[PDB]
Structures are given as C-alpha cells and as structure tokens.
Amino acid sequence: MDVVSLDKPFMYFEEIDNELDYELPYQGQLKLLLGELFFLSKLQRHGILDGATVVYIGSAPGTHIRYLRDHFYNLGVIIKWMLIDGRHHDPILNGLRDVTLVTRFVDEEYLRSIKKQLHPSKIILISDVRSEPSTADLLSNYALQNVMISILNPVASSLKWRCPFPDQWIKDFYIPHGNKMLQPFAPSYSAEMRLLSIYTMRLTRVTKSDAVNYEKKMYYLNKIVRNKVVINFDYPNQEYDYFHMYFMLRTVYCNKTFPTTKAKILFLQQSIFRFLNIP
C-alpha cells in the first residue's frame, strides 16, 4: 500500500478531489454499525436523538443493531427502536423491551399506520432496504425511501444511496437533500454511501452525468485512496479504512473517561470488533 500523509480522511462524497476511469469477517455489519453510530452520534450532538424513536426499515438480520442500542442505552439516552423487515431478525435482538421487532414488508399503507401510532413522537429513519440489483430495482427502492420520508416525516434520516451506473441509466430521478456519508470497510469497489439528512424536504434531480461523476469519484476512492497507508497516523493500524473509522468514532460519546482521544477510539474499536467477532 503506497504511503501517504494525511490530516483527515474524506468524510463525505463532496470531499473527493480526484477521479479515475473505472475498470474481513462480517465486514458488512461493521460498515453499517460505524455509519449508524456516526449518524446517530451526530444527532446526539444536536440534542435531537433523545426522546426519539428510531424506525429502522430493512433491518434484518441486523446483528449490529444490538450494539447500537446497548451503546445508547448505557449512555442513558432514551430511545425506542422499531425494526421492520420481511425477513427475521438476528435472535440476538430478542428480549429487549425498548426494541420492537416487526416482521413485515413496508408499503405506503403500512407507513401511514406506523406514523399514526408513533405520532407526535420524533421519528428518526434508517433505511437499508434492497430488492445483483437492476436500475429499476434501485429506482423503486429510492422511490420507496422518498415515500418513507414524505409519510413518516422524520426529524432526520439515513438512507441507502448508490447511484445507478451510467451504462445502465433509465431516467432522471429525485432524492432528498443531505450529506452523502462515505462508508469505511465497504466492499472493495462499492460506490454506496449513506444520505444523511436533518430536516428543518426539498428533492434533488440526479442525472446521468451525476452517475458518471459518482462512478469515477468512487473508483478513485476505492482504487487509490483506500489502498494507502497513512504513515503519520498514530494508531496500531494505519490503513486508510482504519484512519477513516478513527475519525468517525471520535464523534461517539462514552460514559467512560480516557486519558487520550486515541485511547477512547482504541477502546471503542476493540468493543465493536469483539462484539462483531472480528480479530
């Protein structure tokens, strides 16, 4: 891995500054865990996480969700979880009074009913629904996610967001405004990000040129940037994905006090890796 000296990783898609012509055990739960720890910790910093209800759609099996709860439960943050998926969840999510497990595929009619029963409590939406997928599969998925937002009207949302490839384009479509969070420990050449939005919902047109810009920017990220060793980075592992993870984890709150910031991140990573069974 070519060596590089960095002050900070790319945290959002907008920060990628170059492009290139495209050509771990249970790493997926680690990717989801970090991005949802990042998203929800940002909400905690804005003081809006607390007293909210997290509605997670497409949450199965959702092993990592157990860590997310226990984290905020041990911080004393009052959160109710509603996990809705047609597939069965990981049994490790059983027996938690503040976690509601719902076995159901969501449609417009059912989003209306859960809004009725949760209203007027703050809703935080996390969607990871997926129906390899075609561009029509994605367009329907993103349509459904817009429908989640227009009905549930969450105070914030994290949405699965991967632009359709330019050579499989169909039509321009619309997605919410928000910050496109980059995911460490994503698959080697995935172009998926998490659309993070805090609502104070204006839709944005996505064009075939955007798809080209996504494809080239994310390829440069996956081919060049993520294959670097950050030699100035004071950490047991200096591979970029760990440098990236380190900057996400420093936004996380802990009840425990640590002598240094590096000590905190090391503790959190050990905790996350141990629960996810990662050496």
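Just count from 1 along the sequence shown to find any residue number.
- In terms of unmodelled positions of the deposited sequence, the stretch from residue 23 to residue 24 in this entry skips 10 or more residues.
- Gap check for residue 200 to residue 201: 1 to 3 deposited residues are absent from the model.
- Annotation for 249-257 versus 55-63: the higher mean temperature factor (C-alpha) is found in 249-257.
- As the entry records it, the average C-alpha temperature factor is higher for 133-141, out of 155-163 and 133-141.
- As recorded in the PDB entry, 207 shows the highest C-alpha B-factor of the residues 146, 183, 127, 207.
- Highest CA B-factor among 238, 29, 41, 227, as stated in the entry: 227.
- Sort the modelled residues of the chain by CA B factor and residue 219 lands in the highest third.
- Annotation for residue 72: C-alpha temperature factor in the lowest third relative to the rest of the modelled chain, per the entry.
- For residue 99, the recorded CA B-factor ranks within the middle third of the chain. Only modelled residues enter the ranking.
- Residue 115: CA B factor in the lowest third of modelled residues in this chain (values from the PDB entry).
- Among all modelled residues in this chain, the alpha-carbon of residue 271 has a temperature factor (C-alpha) in the middle third.
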